[PDB]
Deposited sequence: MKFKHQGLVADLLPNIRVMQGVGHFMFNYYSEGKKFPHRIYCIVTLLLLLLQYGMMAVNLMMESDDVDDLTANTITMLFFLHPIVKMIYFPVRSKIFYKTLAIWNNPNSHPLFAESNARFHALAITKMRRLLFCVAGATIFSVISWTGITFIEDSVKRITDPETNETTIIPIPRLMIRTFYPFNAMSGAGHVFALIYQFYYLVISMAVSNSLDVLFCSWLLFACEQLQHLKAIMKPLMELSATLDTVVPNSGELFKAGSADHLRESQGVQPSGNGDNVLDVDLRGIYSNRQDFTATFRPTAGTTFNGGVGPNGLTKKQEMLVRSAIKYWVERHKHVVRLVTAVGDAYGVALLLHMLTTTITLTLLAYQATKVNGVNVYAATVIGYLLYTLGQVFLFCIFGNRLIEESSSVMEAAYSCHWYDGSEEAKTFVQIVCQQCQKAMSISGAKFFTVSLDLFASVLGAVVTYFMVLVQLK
């Protein structure tokens, strides 16, 4: 919590630890023992609750509609469990990534721009964290409200089902007694914890991407005066200064590439698993939306599920696309300087930089796809086409 890229992300790390994302690395050793226990307990509770959800699916599988809804809920709440189990097994690469920017470069002429863009990156990270936290809080509040405005009724004949936020089978009578209130509190805690863990891991990924993009912006901004520094023949001191500036630019670009590669290695399998779960969730959600008739409770629930799923996918894709665009635009920033008035060494440096920028940095889901607005467009088109086919067939 002192070195770069962890001090900057410290609020995110603290949130992750608070909700139970393990992370026994960035506090005093004294807290290592108690905190760990808490984390384990949370996981247990999560799995515990998850268990009674799965059981509820087993005896609710007679019909198709209830089975579909239970499966959608199960995938929705499988997401956070997968993320929570995924982090500790791959904690080594995560800690390596968080320590990548502990020793960056420095040049006297470009220090001010570096500081400015670092501050900008920190502000953007905090803004993203707050926005995602607000979205999670709004989702939880909406869930709690909707479970109450709606009528808890089961169609068989009319059977009073317990008024609970999440369908679940409980050994005790969770209808009117103290079991009801206990189930309410437990389900509220489960919802908050699961949503928070999932969104916190996602925000950590997106904040890594934000840092990389701001570093690319700094690289372009300082590319602008580097050529002017070279152009002016040149004395030995001036040639040495140009060489040092070129070295700084190239080494910082290599550092950004290293950070991007580390992030990709850390999160590729997570992205692949997320999209694998999503595909099925969206298929079942298209089937569910096929049955929407009106502006009643069912339509609201289906729209909320679709919005949350597509929002997760869209967040990943927007930040991936931002990285791609910045990496590509490095080339335009290299072309837009007065390279024709520069020296031969500077012109060769510009040529090689453009050569390298011919291809844009991107994050891939374990080499099966890439995260970009194109991926989100493809997912949305696939779900819409499946919905249209489902409407036509019936």
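Positions of the deposited sequence absent from the coordinates, in order: 1-3, 160-167, 244-312.
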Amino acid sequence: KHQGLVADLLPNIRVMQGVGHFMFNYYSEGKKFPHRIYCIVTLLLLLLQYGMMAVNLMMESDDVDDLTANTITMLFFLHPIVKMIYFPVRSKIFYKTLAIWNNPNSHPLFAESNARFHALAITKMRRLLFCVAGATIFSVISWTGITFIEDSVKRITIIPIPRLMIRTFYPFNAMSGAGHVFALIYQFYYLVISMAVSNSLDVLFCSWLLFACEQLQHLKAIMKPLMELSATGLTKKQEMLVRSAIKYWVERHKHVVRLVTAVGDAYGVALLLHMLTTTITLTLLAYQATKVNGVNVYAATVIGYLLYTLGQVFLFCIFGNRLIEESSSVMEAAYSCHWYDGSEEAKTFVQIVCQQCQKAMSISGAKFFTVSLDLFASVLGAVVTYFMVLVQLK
From here on, numbers count along this sequence of modelled residues.
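Throughout, rigid core stands for the largest set of C-alpha atoms superposing within 1.5 Å between the two forms.
Superposing each structure in 4 other deposited structures of this protein on the rigid core shows that the farther-lying of 188-196 and 292-300, by root-mean-square Cα distance, is 292-300.
When the other structures are laid on the shown form by the rigid core, the stretch among 108-116 and 170-178 with the greater C-alpha deviation in 4 other deposited structures of this protein turns out to be 170-178.
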